[PDB]
Amino acid sequence: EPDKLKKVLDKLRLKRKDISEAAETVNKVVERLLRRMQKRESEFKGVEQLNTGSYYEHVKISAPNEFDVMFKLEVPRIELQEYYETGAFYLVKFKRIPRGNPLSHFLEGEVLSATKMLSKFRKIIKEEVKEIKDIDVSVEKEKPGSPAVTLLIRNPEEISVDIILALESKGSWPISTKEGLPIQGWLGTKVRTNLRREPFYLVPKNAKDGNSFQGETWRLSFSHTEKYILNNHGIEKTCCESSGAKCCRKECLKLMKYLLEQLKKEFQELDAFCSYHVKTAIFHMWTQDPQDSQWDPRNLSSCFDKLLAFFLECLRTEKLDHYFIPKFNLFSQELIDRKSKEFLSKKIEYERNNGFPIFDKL
Amino acid sequence: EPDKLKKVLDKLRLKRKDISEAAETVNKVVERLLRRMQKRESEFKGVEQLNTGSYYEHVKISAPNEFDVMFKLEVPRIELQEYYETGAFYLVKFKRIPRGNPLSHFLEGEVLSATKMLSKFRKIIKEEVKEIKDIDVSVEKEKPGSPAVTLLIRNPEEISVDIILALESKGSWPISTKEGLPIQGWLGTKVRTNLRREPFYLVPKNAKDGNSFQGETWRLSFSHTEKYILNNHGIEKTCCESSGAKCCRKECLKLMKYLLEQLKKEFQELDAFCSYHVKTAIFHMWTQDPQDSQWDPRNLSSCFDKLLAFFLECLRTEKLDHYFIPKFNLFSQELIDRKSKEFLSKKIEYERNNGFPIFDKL
Amino acid sequence: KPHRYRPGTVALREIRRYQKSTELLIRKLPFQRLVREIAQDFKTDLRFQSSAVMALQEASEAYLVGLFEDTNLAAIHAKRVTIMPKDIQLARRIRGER
Amino acid sequence: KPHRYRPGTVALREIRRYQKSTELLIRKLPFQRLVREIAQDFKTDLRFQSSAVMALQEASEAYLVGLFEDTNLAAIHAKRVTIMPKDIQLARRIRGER
Amino acid sequence: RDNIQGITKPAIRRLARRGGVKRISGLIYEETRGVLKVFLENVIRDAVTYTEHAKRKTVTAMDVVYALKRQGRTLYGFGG
Amino acid sequence: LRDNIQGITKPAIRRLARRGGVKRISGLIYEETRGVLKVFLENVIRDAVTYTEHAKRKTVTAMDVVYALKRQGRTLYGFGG
Amino acid sequence: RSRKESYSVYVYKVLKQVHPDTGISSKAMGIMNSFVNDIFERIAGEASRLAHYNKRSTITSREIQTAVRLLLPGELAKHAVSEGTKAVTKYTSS
Amino acid sequence: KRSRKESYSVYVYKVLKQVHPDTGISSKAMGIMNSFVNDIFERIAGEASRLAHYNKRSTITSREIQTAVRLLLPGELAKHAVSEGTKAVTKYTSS
Amino acid sequence: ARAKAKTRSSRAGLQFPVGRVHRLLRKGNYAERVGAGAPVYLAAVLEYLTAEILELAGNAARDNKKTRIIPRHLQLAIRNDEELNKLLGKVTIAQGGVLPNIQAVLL
Amino acid sequence: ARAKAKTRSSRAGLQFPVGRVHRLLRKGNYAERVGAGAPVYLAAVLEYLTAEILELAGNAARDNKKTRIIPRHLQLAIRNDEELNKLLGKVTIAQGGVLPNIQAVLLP
DNA sequence: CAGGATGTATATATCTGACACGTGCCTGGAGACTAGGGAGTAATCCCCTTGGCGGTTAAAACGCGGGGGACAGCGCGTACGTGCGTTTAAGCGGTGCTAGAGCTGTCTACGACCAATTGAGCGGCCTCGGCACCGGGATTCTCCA
DNA sequence: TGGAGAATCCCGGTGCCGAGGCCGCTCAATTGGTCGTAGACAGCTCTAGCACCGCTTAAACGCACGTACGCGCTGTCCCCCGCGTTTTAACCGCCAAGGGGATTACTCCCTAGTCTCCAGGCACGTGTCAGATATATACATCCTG
Ligand SMILES: [Zn+2]
Ligand SMILES: [Zn+2]
């Protein structure tokens, strides 16, 4: 029933009112800090914040003791060396560079040492944190497995912020993305060309350890395109605003998202199925969704059982070819085990057949 | 006897006192005229008088109704084309000339038309003669066989002057003159090199008509060298002046010269044996004369019978290889007939055995 | 008075558009007239395709605009703003063309 | 006072003798020191005949004296008498060497 | 039959503007006319010599390419 | 063996520029000259090293140097050419 | 009956290799064809002069690589040396 | 072993005597002349190569030599060389 | 009984020809014999340089927001690199344009 | 048989080697067949040119009052002619000297 | 400063003609073999390059004066930027046509190639002649009156 | 105007050495005979250079307004140049030594060349899409007051 969905939606809205104050103090202090970064001499002179918006549909969020702000940094000519032949991760090397790139001491031979730059970046950020202490801020040293520099802030509550560096690249738009992002018929090739004219990112994240290089393996990142396609989801692109026929796409988005949030926080065996899964899932649903009539609050329940049906259909077929990378079928047993998926289907059936019992609470 | 030689010498001196006044009026008016030539616009802008001195030993002279003044005119790069394979006459052609030589209309194709330039030169000289008439001067038109522009002058007596153009050339010092002018042992190679460093001339004179080009056949001319070797005849070069032992070379020179003058003026069959013959003859006598003791007024008669003996020895051998051109044996029957030479020897014997009867007169 | 522009300003926008543009600024007719005019000296009575003519216009325009930038910098070093012939002469000189 | 010569005068006679002369004005020792100094960068441990060294001194002297006359004429067009670096820069520029 | 005055002064001005010029002395037009004339004379003389040994009556473009090449003015985009 | 670049004595430069026909000699031009001269030398000697190396010699001849000038379009005579 | 060879095939091959997303105006096609040909001409004449200096009768890749080094600007030469050497050694193992 | 080398100094001296047998000479300038001769011949030879390529010809004749020099040399010089060349070849046809 | 063609381009794992190239080599009047690895070396260097160019070409073109390749892009890219412009200085380009540039003294 | 060996240069009436030239031609790796008059043609060309050279060389030399030859007067004569200088523009010469001239502006 | 008018990037829609595929063909590249001779290396030798030790003398570096050429700045005048209306000649399309470049055959002189023998020029020794070179008188020179 | 050393040209003798002449000899030219073929005509077929003929239209030119750019000039002020002192260090010649390039033989390998099949590019033809044209909106600028 859509009324229970609106009440939990309003719960998310009240939580968003808490996150406004909290994350706004957070956004101002990292804006201050990043301002300090540009006057501080480094190889990170030009490193500015990558905004993705502030909404729950605009930042990937959890427990109030954690936050995330995306940072951008431009990069010169970069060759793309695949090690993850599924198509999800690459290596980090340059091109010719006649001028001479000022990171040779950071260059492991020809590869780029993500370890050294992350080390020195944590060094200079803690250096600057102890240089000026207007607001109560300190760097937290967590385990060297997740390269997200957490900054504990005692204003107003203990708000940590996962500082992560994303690299602005105009390099290639690789061959893995050739037959990626199909919007030719449903949306248009015109926009698609304009979109692929723009830059892109890669996130340094230590994947599965079947590799010589850990941390120096980097996953693809296109968050600008994701916020673009977020504000341009419907067949009429002027939607999510007052001028279009208001759908339930962001609605069902947050529903399934925080359903899975509550589901992993109450079933702690299943944690690998991160946020990107449902994102590529709804992308493929959309590319097979031709009609807008099946996306509206009147059809909210119909379209939501439709979404459940589509996702469970992808599970039984065991194929989820990625949107940007259809060669990379992210439904691979090597990273996400089968029996986990079976119990995941069982928890979906639990939520399904019992009138969604984890949302009678608030 | 040397006294009769001195009396006819003094006769030549009195005649030279007449020629002083006559030829001095002549020299001043052609100096005036030649001055007028340089201000008159022509291809003959730079055409100045080639001085050879004024003495009887310095100008080739005859009857007082004729005189001669040598004119010089510089020339650019000139190839030397031999037609007279004896080695006495050549053709008249240029070299490459990148700038462009301003005589193409005068150039018969590649050959130089001596006819046209001589025509236009006679034109401009008669033009200038009728332009200014200070002294009584007029151009005489004689037969087109001798290219010497005679200028009749009524001041004081009728003095004609054979105007002839000599061309100052720095072109080649041709291969005909390689083994020419041997002074290496008797005089010196040092001077010889310095001499051959200097320029030279060629006289336009219509030779024997076994040729397509008449007038355009040109004979070699080195009058500067001749006046040089005249003032430098002896083994001590400071002779003919007051500082050296006075020889009889100019003496015997004029003796044989005007002996042959009187001889052809009393025997009119023999006229081809011009002045150059005895000049090359005395040159070869000198190159076979090692001693100065046999050139002095005490040895005047001895050396003069010696000169007669040397010349008659050259006649019986029938060879007189030219000084500048030893390949060119000027004792060639084609230009000077044998029976003429025999009667010439007979007239020499006439002068010889009869105590020189043509010099008891004055 | 109302929009009468100062010198150089208009020329600045012009230079902007020009260095942005690539096409030619020549009416090809008198140009090829001069082509055949120079050509006939060596030999007349010859035809040609327009492709070569356009190539000529291209290469000539290219060479002269290169000279324009060189003489421009020359006058710059000369610390002036208006052109002169002597810089052009010295340009040809330094390249040994004169 | 008695024979103290004015500027340039002495330099004029010098320029006369210099343009009349052809020999070099270089002590060859520090020159070839710099030769091996530049050489060792790419690779050390190499010998050479003095002929090539003299050829180097010749060609280098030639190139620089050509630049001297070019920069001289450049300053001439610049209407000055003393040298400057900008003409040299523009010389290299017009030849595309910078 | 001159056509050298056919290169109109404002066209020359436009060209010089593309060459980056602020102010333009009024004397330079005949100067550049002559200099470009000399240039064209060189090029056209080379191309005609080419065309002659090519035994042709018309003229092609590849001869011109060789002319520019041999004058150190290497250009593409016209075949070859 | 250091500071041979300052072995280029200023009066040598002065006399050289005199043969080059210049009149007054600004005090700054010597290090400019040294640098431009130096980069010219380097432009020659890199290819010269490459020459002798492909020639498999531990030595340097003059013909390689000639060929360097050739490829640089600065062809010289007087040393065999 | 006037088949002519071109390299637009291989140009387009390498093009789609590094960038399979681009059209072209065919002017540039012949530009690069003519270009690479002229380059190879320099190389061929160069190696000819070398083999003359070396008094040889044929050409291998050693003289090629050295002439490259002699003619090419900076680290690009070392790059291309790596490229050629590794591809030839690869090809010998075939 | 001894490697008897080619040099045009013989023929240089020959032509030298053919025009100026009076004049002495050095050997440095001699090598300069030999070298320069080789260079211009290389220019002309590579040219004639590229031209016979442009006409797809397996052979090079005197006409091509003539056109090559004419394409290389300026004005009157070219005409004179044409004259000399044509003359001596026609002579050689008559031996 | 054939051994159906495995191209020497594939046998060196490249796009550029080896047969056509080797043909042009022997038919170039350079040498009588020509070593087999010389076309391989050649085709490799030239393909590498080619791709290097085309890389920056596509770079410029996409920066210019165009669909196909025009000379302007090429002239820009070539002159926006030392080693290219070092090795490609005196080449000239039809419809390539000039690098826009103005000395600060002109302002 | 076995008549006296005769130079083809005599049959061209010139002073250049025809056998050596045609050999080096065939050692020059240009073509497949070689037109019989082409070496003679080129040789006659080269003879006329070197004549033009050595002519003005000795001219200049005697104008310096000299017997033997040095690169100075050679380079002078080069930089004095129009056609040859333009032909031999970028040529460099060991101890050739500079062509002396001074601008009238540098003069008082 | 502000407005205002011009200049320019942005956005839509349209058409066309360039550009990517499709296909048949047959022209030159892989397969397989043999020749046979060019390049790689083995030993040797010889010459030549670098090291180095000791004078010398010319050149270079360093101090010093001076005037002069550069330069900062100041009036001026004109000619070159900025608009405008009139002529005009560049470009569009069509039509055509014909001369000339490409194709194909064929045959024919002609150069490539092999043998013997020769002489010429090239490596190396003798030699005189230009020819620096230092000395010593002749002739511009210019800064001073 | 001189003058007065200062450079700069002109004759003398002397080492000196090197440019040119002579001997041996070797390999490359010459002669003749062979053969395959390159181009030389010789016609036969499309195309594109000239040529015109109207027709439009923005470019050229001619005009006037004005200002600011070189030009000429004045003070001034370091900076090259002319001169002397020391130093310094490049040449002039020696010897060692070793190394490295030039030379021979032998072998190997690899391409030239033959012959066989195969597919690769090209000529041609179509379907579609990139940006020009035209229009219109919104901002960037300069210019005075
Ligand atoms: Zn919404
Ligand atoms: Zn006397």
# chains A, B, ... in the order shown; residues from 1 in each chain; ligands from 1
$ residues_around --residues "residue F:31" --least-positions-apart "6" --cutoff "12 Å" --atoms "only C-alpha atoms (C1' of nucleotides)" --output "JSON, numbers by chain"
{"D": [85], "F": [5, 6, 7, 8, 9, 10, 13, 37, 38]}
$ write_last_selection --atoms "N, CA and C atoms" --output "PDB file, in the first residue's frame"
ATOM      1  N   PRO D  85      69.475  40.472 -26.455  1.00  0.00           N
ATOM      2  CA  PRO D  85      69.195  39.042 -26.642  1.00  0.00           C
ATOM      3  C   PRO D  85      68.009  38.751 -27.556  1.00  0.00           C
TER       4      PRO D  85
ATOM      5  N   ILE F   5      82.548  25.546 -19.146  1.00  0.00           N
ATOM      6  CA  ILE F   5      81.647  26.451 -19.856  1.00  0.00           C
ATOM      7  C   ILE F   5      82.114  27.891 -19.680  1.00  0.00           C
ATOM      8  N   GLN F   6      82.665  28.223 -18.509  1.00  0.00           N
ATOM      9  CA  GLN F   6      83.259  29.531 -18.322  1.00  0.00           C
ATOM     10  C   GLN F   6      84.687  29.598 -18.834  1.00  0.00           C
ATOM     11  N   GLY F   7      85.199  28.519 -19.443  1.00  0.00           N
ATOM     12  CA  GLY F   7      86.395  28.598 -20.259  1.00  0.00           C
ATOM     13  C   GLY F   7      86.219  29.384 -21.548  1.00  0.00           C
ATOM     14  N   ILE F   8      84.981  29.717 -21.915  1.00  0.00           N
ATOM     15  CA  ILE F   8      84.693  30.533 -23.077  1.00  0.00           C
ATOM     16  C   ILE F   8      84.982  31.940 -22.595  1.00  0.00           C
ATOM     17  N   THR F   9      86.212  32.394 -22.818  1.00  0.00           N
ATOM     18  CA  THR F   9      86.627  33.738 -22.447  1.00  0.00           C
ATOM     19  C   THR F   9      85.842  34.781 -23.223  1.00  0.00           C
ATOM     20  N   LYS F  10      85.322  35.764 -22.484  1.00  0.00           N
ATOM     21  CA  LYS F  10      84.641  36.934 -23.042  1.00  0.00           C
ATOM     22  C   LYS F  10      85.391  37.651 -24.171  1.00  0.00           C
ATOM     23  N   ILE F  13      84.842  35.804 -27.409  1.00  0.00           N
ATOM     24  CA  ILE F  13      83.490  36.142 -27.867  1.00  0.00           C
ATOM     25  C   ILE F  13      83.478  37.517 -28.532  1.00  0.00           C
ATOM     26  N   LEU F  37      75.229  28.347 -28.075  1.00  0.00           N
ATOM     27  CA  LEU F  37      76.377  27.582 -28.547  1.00  0.00           C
ATOM     28  C   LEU F  37      76.345  26.155 -28.026  1.00  0.00           C
ATOM     29  N   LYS F  38      76.015  26.007 -26.734  1.00  0.00           N
ATOM     30  CA  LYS F  38      75.997  24.717 -26.057  1.00  0.00           C
ATOM     31  C   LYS F  38      74.931  23.797 -26.625  1.00  0.00           C
TER      32      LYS F  38
END
$ residues_near_ligand --ligand "ligand 1" --cutoff "12 Å" --atoms "only C-alpha atoms (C1' of nucleotides) and all ligand atoms" --output "list in words"
residues 55, 56, 57, 58, 230, 231, 232, 233, 234, 237, 238, 239, 240, 241, 242, 243, 244, 245, 246, 247, 248, 249, 250, 251, 252, 253, 254, 296 and 297 of chain A
$ write_last_selection --atoms "N, CA and C atoms" --output "PDB file, in the first residue's frame"
ATOM      1  N   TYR A  55      20.955  15.166  -1.417  1.00  0.00           N
ATOM      2  CA  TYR A  55      19.855  14.250  -1.096  1.00  0.00           C
ATOM      3  C   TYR A  55      20.317  12.818  -0.810  1.00  0.00           C
ATOM      4  N   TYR A  56      19.412  12.043  -0.192  1.00  0.00           N
ATOM      5  CA  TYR A  56      19.591  10.594  -0.048  1.00  0.00           C
ATOM      6  C   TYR A  56      19.740   9.909  -1.399  1.00  0.00           C
ATOM      7  N   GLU A  57      18.971  10.346  -2.396  1.00  0.00           N
ATOM      8  CA  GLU A  57      19.174   9.949  -3.786  1.00  0.00           C
ATOM      9  C   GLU A  57      20.404  10.576  -4.431  1.00  0.00           C
ATOM     10  N   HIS A  58      21.181  11.397  -3.720  1.00  0.00           N
ATOM     11  CA  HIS A  58      22.370  12.011  -4.272  1.00  0.00           C
ATOM     12  C   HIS A  58      23.672  11.634  -3.576  1.00  0.00           C
ATOM     13  N   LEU A 230      20.026  10.187 -13.214  1.00  0.00           N
ATOM     14  CA  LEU A 230      19.081  10.305 -12.114  1.00  0.00           C
ATOM     15  C   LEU A 230      18.093  11.425 -12.388  1.00  0.00           C
ATOM     16  N   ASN A 231      18.590  12.653 -12.594  1.00  0.00           N
ATOM     17  CA  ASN A 231      17.685  13.748 -12.963  1.00  0.00           C
ATOM     18  C   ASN A 231      17.059  13.616 -14.360  1.00  0.00           C
ATOM     19  N   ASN A 232      17.469  12.647 -15.184  1.00  0.00           N
ATOM     20  CA  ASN A 232      16.919  12.420 -16.518  1.00  0.00           C
ATOM     21  C   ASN A 232      16.445  10.980 -16.694  1.00  0.00           C
ATOM     22  N   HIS A 233      15.719  10.459 -15.705  1.00  0.00           N
ATOM     23  CA  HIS A 233      15.342   9.047 -15.718  1.00  0.00           C
ATOM     24  C   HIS A 233      14.218   8.765 -16.714  1.00  0.00           C
ATOM     25  N   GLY A 234      13.115   9.527 -16.646  1.00  0.00           N
ATOM     26  CA  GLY A 234      11.948   9.262 -17.478  1.00  0.00           C
ATOM     27  C   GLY A 234      12.174   9.517 -18.965  1.00  0.00           C
ATOM     28  N   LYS A 237      12.518  13.955 -20.066  1.00  0.00           N
ATOM     29  CA  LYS A 237      13.667  14.235 -19.209  1.00  0.00           C
ATOM     30  C   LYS A 237      13.408  15.304 -18.146  1.00  0.00           C
ATOM     31  N   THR A 238      12.359  16.123 -18.292  1.00  0.00           N
ATOM     32  CA  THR A 238      12.038  17.184 -17.335  1.00  0.00           C
ATOM     33  C   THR A 238      11.363  16.699 -16.044  1.00  0.00           C
ATOM     34  N   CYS A 239      11.308  15.396 -15.802  1.00  0.00           N
ATOM     35  CA  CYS A 239      10.706  14.787 -14.628  1.00  0.00           C
ATOM     36  C   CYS A 239      11.623  14.960 -13.407  1.00  0.00           C
ATOM     37  N   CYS A 240      11.122  14.507 -12.232  1.00  0.00           N
ATOM     38  CA  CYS A 240      11.517  14.740 -10.823  1.00  0.00           C
ATOM     39  C   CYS A 240      11.328  16.183 -10.328  1.00  0.00           C
ATOM     40  N   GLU A 241      10.820  17.052 -11.187  1.00  0.00           N
ATOM     41  CA  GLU A 241      10.579  18.463 -10.922  1.00  0.00           C
ATOM     42  C   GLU A 241       9.070  18.677 -11.040  1.00  0.00           C
ATOM     43  N   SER A 242       8.657  19.941 -11.032  1.00  0.00           N
ATOM     44  CA  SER A 242       7.243  20.291 -11.059  1.00  0.00           C
ATOM     45  C   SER A 242       6.654  20.310 -12.465  1.00  0.00           C
ATOM     46  N   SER A 243       7.480  20.298 -13.510  1.00  0.00           N
ATOM     47  CA  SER A 243       6.991  20.454 -14.875  1.00  0.00           C
ATOM     48  C   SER A 243       6.656  19.134 -15.575  1.00  0.00           C
ATOM     49  N   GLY A 244       6.943  17.975 -14.970  1.00  0.00           N
ATOM     50  CA  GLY A 244       6.675  16.699 -15.594  1.00  0.00           C
ATOM     51  C   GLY A 244       5.728  15.842 -14.764  1.00  0.00           C
ATOM     52  N   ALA A 245       5.297  14.731 -15.362  1.00  0.00           N
ATOM     53  CA  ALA A 245       4.442  13.761 -14.677  1.00  0.00           C
ATOM     54  C   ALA A 245       5.280  12.947 -13.699  1.00  0.00           C
ATOM     55  N   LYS A 246       5.145  13.269 -12.405  1.00  0.00           N
ATOM     56  CA  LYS A 246       5.936  12.719 -11.303  1.00  0.00           C
ATOM     57  C   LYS A 246       5.865  11.198 -11.194  1.00  0.00           C
ATOM     58  N   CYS A 247       6.973  10.508 -11.434  1.00  0.00           N
ATOM     59  CA  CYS A 247       6.969   9.056 -11.380  1.00  0.00           C
ATOM     60  C   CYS A 247       7.252   8.575  -9.957  1.00  0.00           C
ATOM     61  N   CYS A 248       7.530   7.280  -9.824  1.00  0.00           N
ATOM     62  CA  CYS A 248       7.937   6.680  -8.559  1.00  0.00           C
ATOM     63  C   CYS A 248       9.344   6.086  -8.617  1.00  0.00           C
ATOM     64  N   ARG A 249      10.174   6.541  -9.560  1.00  0.00           N
ATOM     65  CA  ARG A 249      11.486   5.935  -9.794  1.00  0.00           C
ATOM     66  C   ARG A 249      12.451   6.193  -8.637  1.00  0.00           C
ATOM     67  N   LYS A 250      12.605   7.461  -8.226  1.00  0.00           N
ATOM     68  CA  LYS A 250      13.355   7.799  -7.008  1.00  0.00           C
ATOM     69  C   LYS A 250      12.720   7.177  -5.776  1.00  0.00           C
ATOM     70  N   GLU A 251      11.383   7.124  -5.770  1.00  0.00           N
ATOM     71  CA  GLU A 251      10.604   6.511  -4.699  1.00  0.00           C
ATOM     72  C   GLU A 251      10.985   5.050  -4.516  1.00  0.00           C
ATOM     73  N   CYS A 252      10.721   4.213  -5.544  1.00  0.00           N
ATOM     74  CA  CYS A 252      11.064   2.785  -5.527  1.00  0.00           C
ATOM     75  C   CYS A 252      12.562   2.544  -5.364  1.00  0.00           C
ATOM     76  N   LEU A 253      13.384   3.471  -5.886  1.00  0.00           N
ATOM     77  CA  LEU A 253      14.832   3.497  -5.692  1.00  0.00           C
ATOM     78  C   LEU A 253      15.170   3.464  -4.209  1.00  0.00           C
ATOM     79  N   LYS A 254      14.676   4.472  -3.471  1.00  0.00           N
ATOM     80  CA  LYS A 254      14.945   4.577  -2.039  1.00  0.00           C
ATOM     81  C   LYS A 254      14.306   3.429  -1.267  1.00  0.00           C
ATOM     82  N   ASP A 296       4.274   5.634 -11.971  1.00  0.00           N
ATOM     83  CA  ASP A 296       3.415   6.647 -11.371  1.00  0.00           C
ATOM     84  C   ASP A 296       2.902   6.090 -10.048  1.00  0.00           C
ATOM     85  N   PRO A 297       2.621   6.952  -9.045  1.00  0.00           N
ATOM     86  CA  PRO A 297       2.074   6.491  -7.744  1.00  0.00           C
ATOM     87  C   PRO A 297       0.796   5.646  -7.788  1.00  0.00           C
TER      88      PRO A 297
END
$ interface_residues --of "chain K" --to "chain E" --cutoff "9 Å" --atoms "only C-alpha atoms (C1' of nucleotides)" --output "ChimeraX atom specification"
/K:79-81,100-101
$ atom_distance --atom1 "atom CA of residue B:183" --atom2 "atom CA of residue B:286"
9.7 Å
$ closest_residue --among "E:8, E:80, E:72, E:39" --to "chain F" --atoms "only C-alpha atoms"
E:72
$ interface_residues --of "chain H" --to "chain G" --cutoff "12 Å" --atoms "only C-alpha atoms" --output "list in words"
residues 42, 46, 49 and 50 of chain H
$ interface_residues --of "chain L" --to "chain D" --cutoff "8 Å" --atoms "only C-alpha atoms (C1' of nucleotides)" --output "ChimeraX atom specification"
/L:81-82,90
$ residues_around --residues "residue B:228" --least-positions-apart "5" --cutoff "10 Å" --atoms "only C-alpha atoms (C1' of nucleotides)" --output "list in words"
residues 52, 195, 222, 223 and 233 of chain B
$ write_last_selection --atoms "C-alpha atoms" --output "short mmCIF file (atom, residue, chain, number, x, y, z; two decimals), in the first residue's frame"
data_model
loop_
_atom_site.label_atom_id
_atom_site.label_comp_id
_atom_site.auth_asym_id
_atom_site.auth_seq_id
_atom_site.Cartn_x
_atom_site.Cartn_y
_atom_site.Cartn_z
CA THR B 52 103.15 53.29 -75.64
CA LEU B 195 104.23 39.69 -66.19
CA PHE B 222 100.90 42.58 -75.84
CA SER B 223 102.28 46.13 -76.46
CA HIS B 233 116.29 44.73 -72.72
#
$ residues_around --residues "residue E:60" --least-positions-apart "4" --cutoff "10 Å" --atoms "only C-alpha atoms (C1' of nucleotides)" --output "list in words"
residues 47, 48, 49, 50, 51, 52 and 53 of chain C; 47, 50, 51, 54, 56, 64 and 65 of chain E
$ interface_residues --of "chain I" --to "chain C" --cutoff "8 Å" --atoms "only C-alpha atoms" --output "list in words"
residues 72, 92, 94, 95, 96, 97, 98, 99, 100 and 106 of chain I
$ select_by_dssp --residues "chain F" --states "alpha helix (DSSP H)" --output "PyMOL selection string"
chain F and resi 10-19+29-54+63-71
$ interface_residues --of "chain F" --to "chain J" --cutoff "8 Å" --atoms "only C-alpha atoms" --output "ChimeraX atom specification"
/F:21,73-79
$ closest_residue --among "H:26, H:95, H:66, H:38" --to "chain E" --atoms "only C-alpha atoms"
H:66
$ residues_around --residues "stretch 19-23 of chain G" --least-positions-apart "5" --cutoff "7 Å" --atoms "only C-alpha atoms (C1' of nucleotides)" --output "list in words"
residues 67, 68 and 69 of chain I
$ residues_around --residues "stretch 23-26 of chain L" --least-positions-apart "3" --cutoff "10 Å" --atoms "only C-alpha atoms (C1' of nucleotides)" --output "PyMOL selection string"
chain K and resi 118-120+122-125
$ residues_around --residues "residue H:81" --least-positions-apart "4" --cutoff "9 Å" --atoms "only C-alpha atoms (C1' of nucleotides)" --output "list in words"
residues 66, 69, 70, 76, 77, 85 and 86 of chain H; 44, 45, 46, 48 and 49 of chain J
$ write_last_selection --atoms "C-alpha atoms" --output "short mmCIF file (atom, residue, chain, number, x, y, z; two decimals), in the first residue's frame"
data_model
loop_
_atom_site.label_atom_id
_atom_site.label_comp_id
_atom_site.auth_asym_id
_atom_site.auth_seq_id
_atom_site.Cartn_x
_atom_site.Cartn_y
_atom_site.Cartn_z
CA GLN H 66 69.08 17.26 -69.21
CA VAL H 69 70.12 19.72 -64.46
CA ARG H 70 67.59 22.23 -65.93
CA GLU H 76 72.17 30.68 -68.86
CA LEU H 77 74.23 28.00 -67.01
CA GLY H 85 75.98 17.52 -72.98
CA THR H 86 74.04 17.27 -76.27
CA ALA J 44 80.11 16.74 -69.97
CA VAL J 45 77.80 18.70 -67.60
CA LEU J 46 80.24 18.25 -64.71
CA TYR J 48 81.59 22.49 -67.98
CA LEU J 49 80.68 23.26 -64.34
#
$ interface_residues --of "chain J" --to "chain G" --cutoff "12 Å" --atoms "only C-alpha atoms" --output "count of residues only"
4
$ closest_atom_pairs --of "chain A" --to "chain I" --cutoff "12 Å" --atoms "only C-alpha atoms" --output "tab-separated table"
residue	atom	partner	partner_atom	distance
A:76	CA	I:59	CA	11.9
A:77	CA	I:56	CA	9.7
A:78	CA	I:55	CA	11.3
A:79	CA	I:55	CA	10.9
A:95	CA	I:52	CA	9.7
A:96	CA	I:52	CA	9.0
A:97	CA	I:81	CA	9.6
A:98	CA	I:83	CA	7.3
A:99	CA	I:82	CA	8.3
A:100	CA	I:82	CA	11.8
A:169	CA	I:59	CA	12.0
A:170	CA	I:59	CA	8.3
A:171	CA	I:59	CA	8.2
A:172	CA	I:59	CA	8.7
A:173	CA	I:59	CA	11.0
A:190	CA	I:67	CA	11.2
A:193	CA	I:67	CA	9.2
A:194	CA	I:65	CA	8.2
A:195	CA	I:65	CA	11.2
A:196	CA	I:62	CA	9.3
A:197	CA	I:62	CA	6.1
A:198	CA	I:62	CA	8.7
A:199	CA	I:63	CA	10.4
